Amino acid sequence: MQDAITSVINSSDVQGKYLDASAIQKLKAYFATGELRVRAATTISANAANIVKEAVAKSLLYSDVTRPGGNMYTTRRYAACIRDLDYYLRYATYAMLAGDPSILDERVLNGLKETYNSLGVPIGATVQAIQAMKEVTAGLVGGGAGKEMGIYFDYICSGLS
């Protein structure tokens, strides 16, 4: 994975160039928001469980998905599902901390859609649950961090389409 710093280093390196003024502006921009990112990561971390619980309550509970025949039926599948949501939240936080979505492409999205399709995991419902976590999260980290987190929540959703 690349973070916002190493991302700038790599593009400079491919051109064989020392850090530019433009490259330096990007570095400084990430440094300025560093504390914001750490404070959001801290809250999310402390509310991870409640964030997932509320998102599920709001998007999956009491529907055909949880009833016999639904993909969330049986305690094993219910847990597998909340396990995935815990994943999306933890990885979205990583990407927000790094200021780069590469960890998502490499460790999350690679082969995910195919796997879901293979198992019959509904992508539309999964996407709705992530969008619900998006909203629950904004409300904890505030509008600022909330929109940043939203970029990465959407990135994942886009990769499932």
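The first residue of the sequence shown is number 1, and the count goes up from there.
Averaged over CA atoms, B-factors in the entry run higher in 62 to 70 than in the other of 62 to 70 and 37 to 45. Legend: mean Cα B-factor per stretch from the PDB entry, 92 to 100 versus 51 to 59; the higher mean is in 51 to 59. Annotation for residue 123: C-alpha temperature factor in the middle third relative to the rest of the modelled chain, per the entry. Ranked against the other modelled residues of its chain, the C-alpha B-factor of residue 1 as given in the entry falls in the middle third. In the PDB entry, a CA B factor belonging to the middle third of its chain's modelled residues is recorded for residue 8. In the PDB entry, a CA B factor belonging to the lowest third of its chain's modelled residues is recorded for residue 133. Among the modelled residues of the chain, residue 14 sits in the lowest third by CA temperature factor in this PDB entry.
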